[PDB]
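**Q** Supplied in C-alpha cells, the structure appears directly below.
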Amino acid sequence: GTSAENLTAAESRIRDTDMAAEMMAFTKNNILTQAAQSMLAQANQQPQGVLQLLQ
Amino acid sequence: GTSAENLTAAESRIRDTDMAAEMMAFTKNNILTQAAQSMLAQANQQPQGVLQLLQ
Amino acid sequence: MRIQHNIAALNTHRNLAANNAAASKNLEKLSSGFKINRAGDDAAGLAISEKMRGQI
Amino acid sequence: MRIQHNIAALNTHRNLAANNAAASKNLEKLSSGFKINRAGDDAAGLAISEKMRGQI
Amino acid sequence: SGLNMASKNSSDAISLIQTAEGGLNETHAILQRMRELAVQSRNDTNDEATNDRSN
C-alpha cells in the first residue's frame, strides 16, 4: 500500500497537469489571438491609396 | 459455522465494494465532467472571426 | 468489505449462541439435580449408574 | 498533481482501513473472551495453553 | 496495477490460511476430548464385561 501510494504520487506529478498554469496559458493565448485579429483587421485597411488616382 | 464465516469474509472482499474509494472516484469524475463542460463552452466561442469581414 | 457483509457481528453472534447454549445446559443440570441427563454428557458412567441403581 | 489523483485521500483511506481492522480484532477478542483465537495472535502460548488444558 | 493486484492476492491468501486454522481448531478440541476419554478409560473401575469401555 505504501509503495503504491508513493508511485501514484510520482506518476501524478509526472503526467497529470496543473489546472491553474494551463488556465493562465490559455487566457494569455486567447488575449494574444484577439490582439492579432485586431492587428490584421487594421493591416487589411492600411493599403488604401485610391485617393491618389481619383478625386 | 467457522468455515461459513471465513468464506463469507472472502466473498465479501472479492465482490463487495468499498464505499470510500468509489465515493472518491465519483467526486473526481464529476469534477472532471464539469471541467470538460466549461472547456467545451469556451471552445465553442473560440471561433469568432466575423470582425474580419464586417465592421 | 464495507456494507454488504459485517463479519465482526457474525463472530459475535456465534459466540453469543454458544454462551446461551452453555448456560441452558447448566440450567438443566441445576434443575434436574443430576450431572448426567443424557448419554452425550457421559457414556461411561451412565451404565455404571444404572448398574449401581439396580444393585442398590 | 491537481485533479486526476488525490494522494491525501488515499493515505486517509489506508489509515481508516487499518483502524477498522484493529477495532474488528478487538471486537473478536471481547466477544470470544480469549486473547488467542488464532496462531497468528501468539504462537508460543497457544501450544502452552493446549498442553495446560490437557493437563487440567 | 501489479501492486494493487498483489495486495488483493495477499488478502486472498490470508482468507485461505484463516480457513485452514479454523479447521484445525476443532481438531484441537476433539483431541482434548479424546485424551479425556482415554484417561477415564485407563482406570480399572471400568469393566470390559458390562461394556464400560466399549462405549
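In the C-alpha cells, the first chain shown is A, the next is B, and so on; residue numbers restart at 1 for each chain, and ligands run from 1 in the order shown.
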Which residues are close to stretch 10-14 of chain E, i.e. within 9 Å by only C-alpha atoms, leaving aside same-chain residues fewer than 3 positions away? Reply as a short mmCIF file (atom, residue, chain, number, x, y, z; two decimals) with N, CA, C and O atoms, in the first residue's frame.
**A**
```cif
data_model
loop_
_atom_site.label_atom_id
_atom_site.label_comp_id
_atom_site.auth_asym_id
_atom_site.auth_seq_id
_atom_site.Cartn_x
_atom_site.Cartn_y
_atom_site.Cartn_z
N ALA B 10 -14.24 -13.91 2.72
CA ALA B 10 -13.56 -13.98 1.43
C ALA B 10 -14.44 -13.46 0.30
O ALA B 10 -14.00 -12.65 -0.53
N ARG B 13 -14.80 -9.68 0.46
CA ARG B 13 -13.62 -8.99 -0.03
C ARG B 13 -13.47 -9.10 -1.54
O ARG B 13 -12.92 -8.19 -2.17
N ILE B 14 -13.95 -10.19 -2.13
CA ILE B 14 -13.85 -10.35 -3.58
C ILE B 14 -14.85 -9.44 -4.28
O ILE B 14 -14.49 -8.61 -5.12
N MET E 5 -3.05 -5.43 -7.32
CA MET E 5 -3.47 -6.82 -7.50
C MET E 5 -2.74 -7.75 -6.54
O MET E 5 -3.32 -8.75 -6.08
N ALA E 6 -1.49 -7.44 -6.21
CA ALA E 6 -0.75 -8.25 -5.25
C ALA E 6 -1.32 -8.10 -3.85
O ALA E 6 -1.35 -9.07 -3.08
N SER E 7 -1.76 -6.90 -3.50
CA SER E 7 -2.47 -6.70 -2.24
C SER E 7 -3.73 -7.56 -2.18
O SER E 7 -4.00 -8.23 -1.17
N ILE E 17 -5.66 -19.14 4.61
CA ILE E 17 -4.96 -19.58 5.81
C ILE E 17 -5.91 -19.57 7.01
O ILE E 17 -5.86 -20.46 7.86
N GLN E 18 -6.76 -18.54 7.10
CA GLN E 18 -7.75 -18.50 8.17
C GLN E 18 -8.69 -19.69 8.10
O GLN E 18 -9.07 -20.25 9.14
N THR E 19 -9.05 -20.11 6.89
CA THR E 19 -9.90 -21.29 6.74
C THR E 19 -9.21 -22.52 7.33
O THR E 19 -9.81 -23.28 8.10
#
```
**Q** Lay chain A over chain B using all C-alpha atoms, matched one to one in order, with a least-squares fit; then write it out as a PDB file with N, CA and C atoms, in the first residue's frame.
**A**
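Result saved to selection_11.pdb:
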```pdb
ATOM      1  N   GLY A   1     -19.915 -23.473  11.094  1.00  0.00           N
ATOM      2  CA  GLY A   1     -20.043 -22.046  11.345  1.00  0.00           C
ATOM      3  C   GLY A   1     -18.760 -21.288  11.064  1.00  0.00           C
ATOM      4  N   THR A   2     -17.632 -21.822  11.542  1.00  0.00           N
ATOM      5  CA  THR A   2     -16.344 -21.179  11.296  1.00  0.00           C
ATOM      6  C   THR A   2     -16.057 -21.070   9.800  1.00  0.00           C
ATOM      7  N   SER A   3     -16.252 -22.170   9.068  1.00  0.00           N
ATOM      8  CA  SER A   3     -15.975 -22.167   7.634  1.00  0.00           C
ATOM      9  C   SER A   3     -16.892 -21.202   6.896  1.00  0.00           C
ATOM     10  N   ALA A   4     -18.164 -21.140   7.298  1.00  0.00           N
ATOM     11  CA  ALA A   4     -19.099 -20.233   6.647  1.00  0.00           C
ATOM     12  C   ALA A   4     -18.698 -18.784   6.866  1.00  0.00           C
ATOM     13  N   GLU A   5     -18.299 -18.431   8.091  1.00  0.00           N
ATOM     14  CA  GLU A   5     -17.853 -17.065   8.346  1.00  0.00           C
ATOM     15  C   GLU A   5     -16.617 -16.721   7.519  1.00  0.00           C
ATOM     16  N   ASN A   6     -15.644 -17.632   7.462  1.00  0.00           N
ATOM     17  CA  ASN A   6     -14.425 -17.346   6.710  1.00  0.00           C
ATOM     18  C   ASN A   6     -14.713 -17.170   5.222  1.00  0.00           C
ATOM     19  N   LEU A   7     -15.516 -18.064   4.641  1.00  0.00           N
ATOM     20  CA  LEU A   7     -15.845 -17.929   3.227  1.00  0.00           C
ATOM     21  C   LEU A   7     -16.699 -16.698   2.963  1.00  0.00           C
ATOM     22  N   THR A   8     -17.545 -16.306   3.918  1.00  0.00           N
ATOM     23  CA  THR A   8     -18.306 -15.073   3.769  1.00  0.00           C
ATOM     24  C   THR A   8     -17.380 -13.869   3.719  1.00  0.00           C
ATOM     25  N   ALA A   9     -16.370 -13.843   4.591  1.00  0.00           N
ATOM     26  CA  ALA A   9     -15.375 -12.776   4.555  1.00  0.00           C
ATOM     27  C   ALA A   9     -14.660 -12.739   3.210  1.00  0.00           C
ATOM     28  N   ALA A  10     -14.244 -13.909   2.721  1.00  0.00           N
ATOM     29  CA  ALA A  10     -13.559 -13.983   1.433  1.00  0.00           C
ATOM     30  C   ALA A  10     -14.440 -13.459   0.301  1.00  0.00           C
ATOM     31  N   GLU A  11     -15.696 -13.910   0.251  1.00  0.00           N
ATOM     32  CA  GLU A  11     -16.602 -13.483  -0.811  1.00  0.00           C
ATOM     33  C   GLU A  11     -16.885 -11.989  -0.728  1.00  0.00           C
ATOM     34  N   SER A  12     -17.009 -11.458   0.490  1.00  0.00           N
ATOM     35  CA  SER A  12     -17.198 -10.024   0.665  1.00  0.00           C
ATOM     36  C   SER A  12     -16.012  -9.253   0.112  1.00  0.00           C
ATOM     37  N   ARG A  13     -14.801  -9.684   0.455  1.00  0.00           N
ATOM     38  CA  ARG A  13     -13.616  -8.988  -0.026  1.00  0.00           C
ATOM     39  C   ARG A  13     -13.469  -9.097  -1.536  1.00  0.00           C
ATOM     40  N   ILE A  14     -13.947 -10.190  -2.130  1.00  0.00           N
ATOM     41  CA  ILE A  14     -13.849 -10.347  -3.578  1.00  0.00           C
ATOM     42  C   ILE A  14     -14.854  -9.441  -4.280  1.00  0.00           C
ATOM     43  N   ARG A  15     -16.137  -9.578  -3.939  1.00  0.00           N
ATOM     44  CA  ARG A  15     -17.211  -8.993  -4.734  1.00  0.00           C
ATOM     45  C   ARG A  15     -17.706  -7.648  -4.223  1.00  0.00           C
ATOM     46  N   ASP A  16     -17.856  -7.475  -2.915  1.00  0.00           N
ATOM     47  CA  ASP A  16     -18.371  -6.216  -2.399  1.00  0.00           C
ATOM     48  C   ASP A  16     -17.361  -5.094  -2.609  1.00  0.00           C
ATOM     49  N   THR A  17     -17.867  -3.863  -2.623  1.00  0.00           N
ATOM     50  CA  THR A  17     -17.077  -2.679  -2.923  1.00  0.00           C
ATOM     51  C   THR A  17     -16.910  -1.820  -1.678  1.00  0.00           C
ATOM     52  N   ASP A  18     -15.772  -1.135  -1.606  1.00  0.00           N
ATOM     53  CA  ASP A  18     -15.528  -0.168  -0.548  1.00  0.00           C
ATOM     54  C   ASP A  18     -16.173   1.161  -0.921  1.00  0.00           C
ATOM     55  N   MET A  19     -17.014   1.679  -0.025  1.00  0.00           N
ATOM     56  CA  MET A  19     -17.778   2.884  -0.324  1.00  0.00           C
ATOM     57  C   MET A  19     -16.870   4.092  -0.503  1.00  0.00           C
ATOM     58  N   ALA A  20     -15.804   4.175   0.292  1.00  0.00           N
ATOM     59  CA  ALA A  20     -14.961   5.363   0.296  1.00  0.00           C
ATOM     60  C   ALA A  20     -14.234   5.543  -1.032  1.00  0.00           C
ATOM     61  N   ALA A  21     -13.666   4.462  -1.568  1.00  0.00           N
ATOM     62  CA  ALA A  21     -12.925   4.553  -2.821  1.00  0.00           C
ATOM     63  C   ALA A  21     -13.837   4.943  -3.977  1.00  0.00           C
ATOM     64  N   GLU A  22     -15.030   4.351  -4.039  1.00  0.00           N
ATOM     65  CA  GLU A  22     -15.960   4.691  -5.106  1.00  0.00           C
ATOM     66  C   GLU A  22     -16.480   6.112  -4.954  1.00  0.00           C
ATOM     67  N   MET A  23     -16.666   6.578  -3.717  1.00  0.00           N
ATOM     68  CA  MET A  23     -17.035   7.970  -3.491  1.00  0.00           C
ATOM     69  C   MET A  23     -15.955   8.913  -4.010  1.00  0.00           C
ATOM     70  N   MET A  24     -14.695   8.608  -3.691  1.00  0.00           N
ATOM     71  CA  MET A  24     -13.567   9.377  -4.211  1.00  0.00           C
ATOM     72  C   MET A  24     -13.598   9.440  -5.731  1.00  0.00           C
ATOM     73  N   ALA A  25     -13.713   8.275  -6.372  1.00  0.00           N
ATOM     74  CA  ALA A  25     -13.697   8.218  -7.828  1.00  0.00           C
ATOM     75  C   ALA A  25     -14.872   8.983  -8.425  1.00  0.00           C
ATOM     76  N   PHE A  26     -16.045   8.886  -7.803  1.00  0.00           N
ATOM     77  CA  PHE A  26     -17.227   9.560  -8.323  1.00  0.00           C
ATOM     78  C   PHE A  26     -17.085  11.073  -8.232  1.00  0.00           C
ATOM     79  N   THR A  27     -16.587  11.575  -7.099  1.00  0.00           N
ATOM     80  CA  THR A  27     -16.351  13.010  -6.966  1.00  0.00           C
ATOM     81  C   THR A  27     -15.328  13.495  -7.985  1.00  0.00           C
ATOM     82  N   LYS A  28     -14.240  12.738  -8.153  1.00  0.00           N
ATOM     83  CA  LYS A  28     -13.224  13.075  -9.143  1.00  0.00           C
ATOM     84  C   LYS A  28     -13.821  13.165 -10.543  1.00  0.00           C
ATOM     85  N   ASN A  29     -14.612  12.161 -10.925  1.00  0.00           N
ATOM     86  CA  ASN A  29     -15.190  12.142 -12.262  1.00  0.00           C
ATOM     87  C   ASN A  29     -16.196  13.270 -12.459  1.00  0.00           C
ATOM     88  N   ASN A  30     -16.948  13.633 -11.418  1.00  0.00           N
ATOM     89  CA  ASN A  30     -17.851  14.779 -11.527  1.00  0.00           C
ATOM     90  C   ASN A  30     -17.076  16.066 -11.766  1.00  0.00           C
ATOM     91  N   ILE A  31     -15.991  16.268 -11.012  1.00  0.00           N
ATOM     92  CA  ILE A  31     -15.183  17.471 -11.185  1.00  0.00           C
ATOM     93  C   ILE A  31     -14.613  17.526 -12.598  1.00  0.00           C
ATOM     94  N   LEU A  32     -14.155  16.382 -13.106  1.00  0.00           N
ATOM     95  CA  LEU A  32     -13.630  16.334 -14.469  1.00  0.00           C
ATOM     96  C   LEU A  32     -14.719  16.629 -15.493  1.00  0.00           C
ATOM     97  N   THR A  33     -15.931  16.127 -15.255  1.00  0.00           N
ATOM     98  CA  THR A  33     -17.053  16.407 -16.143  1.00  0.00           C
ATOM     99  C   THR A  33     -17.347  17.900 -16.201  1.00  0.00           C
ATOM    100  N   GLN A  34     -17.369  18.555 -15.038  1.00  0.00           N
ATOM    101  CA  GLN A  34     -17.607  19.997 -15.001  1.00  0.00           C
ATOM    102  C   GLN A  34     -16.510  20.754 -15.740  1.00  0.00           C
ATOM    103  N   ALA A  35     -15.254  20.353 -15.530  1.00  0.00           N
ATOM    104  CA  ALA A  35     -14.140  20.994 -16.219  1.00  0.00           C
ATOM    105  C   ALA A  35     -14.282  20.868 -17.731  1.00  0.00           C
ATOM    106  N   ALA A  36     -14.620  19.670 -18.208  1.00  0.00           N
ATOM    107  CA  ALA A  36     -14.787  19.466 -19.642  1.00  0.00           C
ATOM    108  C   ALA A  36     -15.970  20.262 -20.183  1.00  0.00           C
ATOM    109  N   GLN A  37     -17.037  20.390 -19.393  1.00  0.00           N
ATOM    110  CA  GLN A  37     -18.178  21.206 -19.806  1.00  0.00           C
ATOM    111  C   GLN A  37     -17.763  22.654 -20.023  1.00  0.00           C
ATOM    112  N   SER A  38     -17.050  23.228 -19.051  1.00  0.00           N
ATOM    113  CA  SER A  38     -16.583  24.606 -19.190  1.00  0.00           C
ATOM    114  C   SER A  38     -15.634  24.753 -20.374  1.00  0.00           C
ATOM    115  N   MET A  39     -14.738  23.781 -20.560  1.00  0.00           N
ATOM    116  CA  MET A  39     -13.798  23.839 -21.673  1.00  0.00           C
ATOM    117  C   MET A  39     -14.524  23.809 -23.010  1.00  0.00           C
ATOM    118  N   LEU A  40     -15.586  23.013 -23.110  1.00  0.00           N
ATOM    119  CA  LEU A  40     -16.348  22.953 -24.350  1.00  0.00           C
ATOM    120  C   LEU A  40     -17.115  24.244 -24.588  1.00  0.00           C
ATOM    121  N   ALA A  41     -17.670  24.827 -23.523  1.00  0.00           N
ATOM    122  CA  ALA A  41     -18.337  26.117 -23.653  1.00  0.00           C
ATOM    123  C   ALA A  41     -17.375  27.182 -24.163  1.00  0.00           C
ATOM    124  N   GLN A  42     -16.112  27.118 -23.737  1.00  0.00           N
ATOM    125  CA  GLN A  42     -15.112  28.054 -24.248  1.00  0.00           C
ATOM    126  C   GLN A  42     -14.761  27.754 -25.703  1.00  0.00           C
ATOM    127  N   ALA A  43     -14.523  26.478 -26.017  1.00  0.00           N
ATOM    128  CA  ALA A  43     -14.105  26.095 -27.360  1.00  0.00           C
ATOM    129  C   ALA A  43     -15.165  26.423 -28.400  1.00  0.00           C
ATOM    130  N   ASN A  44     -16.442  26.377 -28.022  1.00  0.00           N
ATOM    131  CA  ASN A  44     -17.490  26.758 -28.962  1.00  0.00           C
ATOM    132  C   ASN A  44     -17.457  28.250 -29.270  1.00  0.00           C
ATOM    133  N   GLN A  45     -17.050  29.075 -28.307  1.00  0.00           N
ATOM    134  CA  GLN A  45     -16.944  30.513 -28.515  1.00  0.00           C
ATOM    135  C   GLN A  45     -15.644  30.919 -29.189  1.00  0.00           C
ATOM    136  N   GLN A  46     -14.618  30.067 -29.139  1.00  0.00           N
ATOM    137  CA  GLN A  46     -13.318  30.416 -29.713  1.00  0.00           C
ATOM    138  C   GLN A  46     -13.383  30.809 -31.185  1.00  0.00           C
ATOM    139  N   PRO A  47     -14.057  30.064 -32.082  1.00  0.00           N
ATOM    140  CA  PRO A  47     -14.076  30.501 -33.498  1.00  0.00           C
ATOM    141  C   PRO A  47     -15.090  31.603 -33.791  1.00  0.00           C
ATOM    142  N   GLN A  48     -14.674  32.844 -33.541  1.00  0.00           N
ATOM    143  CA  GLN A  48     -15.466  34.031 -33.866  1.00  0.00           C
ATOM    144  C   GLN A  48     -14.533  35.032 -34.541  1.00  0.00           C
ATOM    145  N   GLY A  49     -14.422  34.916 -35.864  1.00  0.00           N
ATOM    146  CA  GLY A  49     -13.641  35.830 -36.672  1.00  0.00           C
ATOM    147  C   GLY A  49     -14.531  36.588 -37.632  1.00  0.00           C
ATOM    148  N   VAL A  50     -15.742  36.920 -37.182  1.00  0.00           N
ATOM    149  CA  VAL A  50     -16.664  37.667 -38.024  1.00  0.00           C
ATOM    150  C   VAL A  50     -16.213  39.114 -38.176  1.00  0.00           C
ATOM    151  N   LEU A  51     -15.419  39.633 -37.236  1.00  0.00           N
ATOM    152  CA  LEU A  51     -14.933  41.002 -37.361  1.00  0.00           C
ATOM    153  C   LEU A  51     -13.904  41.177 -38.471  1.00  0.00           C
ATOM    154  N   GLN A  52     -13.378  40.095 -39.047  1.00  0.00           N
ATOM    155  CA  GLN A  52     -12.608  40.246 -40.277  1.00  0.00           C
ATOM    156  C   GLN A  52     -13.467  40.848 -41.377  1.00  0.00           C
ATOM    157  N   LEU A  53     -14.656  40.284 -41.566  1.00  0.00           N
ATOM    158  CA  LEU A  53     -15.475  40.577 -42.730  1.00  0.00           C
ATOM    159  C   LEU A  53     -16.164  41.929 -42.598  1.00  0.00           C
ATOM    160  N   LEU A  54     -17.029  42.060 -41.599  1.00  0.00           N
ATOM    161  CA  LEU A  54     -17.815  43.266 -41.406  1.00  0.00           C
ATOM    162  C   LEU A  54     -17.036  44.273 -40.566  1.00  0.00           C
ATOM    163  N   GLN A  55     -17.677  45.399 -40.251  1.00  0.00           N
ATOM    164  CA  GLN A  55     -17.030  46.400 -39.411  1.00  0.00           C
ATOM    165  C   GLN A  55     -18.075  47.405 -38.928  1.00  0.00           C
TER     166      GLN A  55
END
```
**Q** Determine which residues of chain C sit within 9 Å of chain E, taking into account only C-alpha atoms, and present them as an NGL selection string.
**A** :C and (43-45 or 47-48)
**Q** Next, the residues of the selection above should be written as a PDB file, in the first residue's frame with N, CA, C and O atoms.
**A**
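What follows is the written file again-v9.pdb:
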```pdb
ATOM      1  N   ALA C  43     -20.808 -41.226  28.594  1.00  0.00           N
ATOM      2  CA  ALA C  43     -21.221 -42.579  28.240  1.00  0.00           C
ATOM      3  C   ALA C  43     -20.815 -43.584  29.314  1.00  0.00           C
ATOM      4  O   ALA C  43     -21.656 -44.336  29.820  1.00  0.00           O
ATOM      5  N   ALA C  44     -19.532 -43.619  29.667  1.00  0.00           N
ATOM      6  CA  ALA C  44     -19.042 -44.478  30.744  1.00  0.00           C
ATOM      7  C   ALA C  44     -19.298 -43.798  32.078  1.00  0.00           C
ATOM      8  O   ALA C  44     -18.519 -42.952  32.519  1.00  0.00           O
ATOM      9  N   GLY C  45     -20.343 -44.240  32.766  1.00  0.00           N
ATOM     10  CA  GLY C  45     -20.831 -43.578  33.956  1.00  0.00           C
ATOM     11  C   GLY C  45     -22.340 -43.616  33.982  1.00  0.00           C
ATOM     12  O   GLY C  45     -22.932 -43.862  35.031  1.00  0.00           O
ATOM     13  N   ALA C  47     -23.923 -46.129  32.301  1.00  0.00           N
ATOM     14  CA  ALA C  47     -24.042 -47.563  32.531  1.00  0.00           C
ATOM     15  C   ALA C  47     -23.719 -47.922  33.974  1.00  0.00           C
ATOM     16  O   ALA C  47     -24.421 -48.731  34.597  1.00  0.00           O
ATOM     17  N   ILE C  48     -22.650 -47.338  34.516  1.00  0.00           N
ATOM     18  CA  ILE C  48     -22.247 -47.628  35.887  1.00  0.00           C
ATOM     19  C   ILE C  48     -23.331 -47.184  36.859  1.00  0.00           C
ATOM     20  O   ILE C  48     -23.653 -47.895  37.817  1.00  0.00           O
TER      21      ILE C  48
END
```
**Q** Got a sec to pull out which chain C residues are within 12 Å of chain B, counting only C-alpha atoms, and send them as JSON, numbers by chain?
**A** {"C": [1, 2, 3, 4, 5, 6, 7, 8, 9, 10, 11, 12, 13, 14, 15, 17, 18]}
**Q** Quick one: pull the distance between atom CA of residue C:25 and atom CA of residue D:53, Å, one decimal.
**A**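 About the pair atom CA of residue C:25 and atom CA of residue D:53: they are 21.4 Å apart.
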**Q** I'd like to know which of C:41, C:29, C:51, C:16 is closest to chain D, using only C-alpha atoms.
**A**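 Looking at the shortest contact to chain D, the residue is C:16.
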**Q** Counting only C-alpha atoms, collect the residues of chain D whose closest atom lies at most 12 Å from chain C, and write them out as number ranges by chain.
**A** D: 16-17, 20-34, 37
**Q** Would you please extract all alpha helix (DSSP H) residues from chain C, as assigned by DSSP on the backbone, and give them as a PyMOL selection string?
**A** chain C and resi 7-32+43-55
**Q** Here is a test: counting only C-alpha atoms, which residue of E:8, E:1, E:44, E:34 is nearest to chain B?
**A**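 Going through E:8, E:1, E:44, E:34 one by one, the smallest distance to chain B is for E:8.
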**Q** What is the distance between atom CA of residue E:20 and atom CA of residue D:40, in Å to one decimal?
**A** 12.4 Å
**Q** Between atom CA of residue E:26 and atom CA of residue C:35, what distance in Å does the model show, to one decimal?
**A**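 Interatomic distance, atom CA of residue E:26 to atom CA of residue C:35: 24.8 Å.
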